[PDB]
């Protein structure tokens, strides 16, 4: 029942802005949608504003607002994400694509009025030109669900590590090992959680009337483990 949680009682507009550079291939993505945390529900549409996306859309899903997770009543004292609002939190990750490159991301998630904003900088290096990522060999779907969270008292925040498996067009899988750290932007108290996890269901689709490179995403996220 943090003060921040009060800001998520209804439907909240979401805005996402990302600037990326993977092996020198620069691009930007903008996203808009709404989140209804009471139901852990998110609906968003992302657009590559610079032209064609140089990496597969599925590889950007985790990067492109865990504050919309549905935390059960008995676990609300463990919701760090909403507790950091409205000032927000910094979310950083290193994503290692097995036998390929890695992404390093830094984002600031905070409210700008009624809108929950996620601003991100993504840097990818060491990718293979004809690999599954730069070669666009990943299927347009998603199969991974869990995020394991632990408290990071020393930083007044949290950390998380989890695996994302991306189906490759040949039936194989491209592993993306995620390492995450979140820290509050404000100086007020936040909720440091006991170990638990977030279970997310992500469905990717296309807007039939959209000609720009884009991704429509419907997600449901629920906290559990306690």
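Residue numbers count along the first chain shown, from 1.
Peer 1: Taking residue 64 and residue 65 as adjacent modelled residues, how many residues of the deposited sequence between them have no coordinates (none, 1 to 3, 4 to 9, 10 or more)?
Peer 2: Missing residues, residue 64 to residue 65: 1 to 3.
Peer 1: Return whichever of 202-210 and 11-19 has the greater mean Cα B factor according to the PDB record.
Peer 2: Per the deposited B-factors, the answer is 202-210.
Peer 1: Quick check on the record: does 1-9 or 215-223 carry the larger mean Cα temperature factor?
Peer 2: Per the deposited B-factors, the answer is 1-9.
Peer 1: Out of 41, 52, 45, 178, which shows the largest CA B-factor listed in the entry?
Peer 2: Of the candidates given, the C-alpha B-factor peaks at 52.
Peer 1: Can you pull the Cα B-factors for 112, 152, 121, 108 from the entry and say which is highest?
Peer 2: Highest CA B-factor of the listed options: 152.
Peer 1: Among the modelled residues of this chain, does the Cα B factor of residue 36 put it in the lowest, middle or highest third?
Peer 2: It falls in the bottom third of the chain.
Peer 1: Can you work out whether the C-alpha temperature factor of residue 127 puts it in the lowest, middle or highest third of the chain?
Peer 2: Middle third, going by the recorded CA B-factors of the chain.
Peer 1: Can you tell me whether residue 192 has a C-alpha B-factor in the lowest, middle or highest third compared with the other modelled residues of the same chain?
Peer 2: For residue 192, the deposited C-alpha B-factor lands in the highest third.
Peer 1: Split into thirds by Cα B-factor across the chain's modelled residues, where does residue 162 land: lowest, middle or highest?
Peer 2: Highest third of the chain for residue 162's C-alpha B-factor.
Peer 1: Looking at the entry's B-factor column for C-alpha atoms only, identify whether residue 60 ranks in the lowest, middle or highest third of its chain.
Peer 2: CA B-factor rank for residue 60: lowest third.
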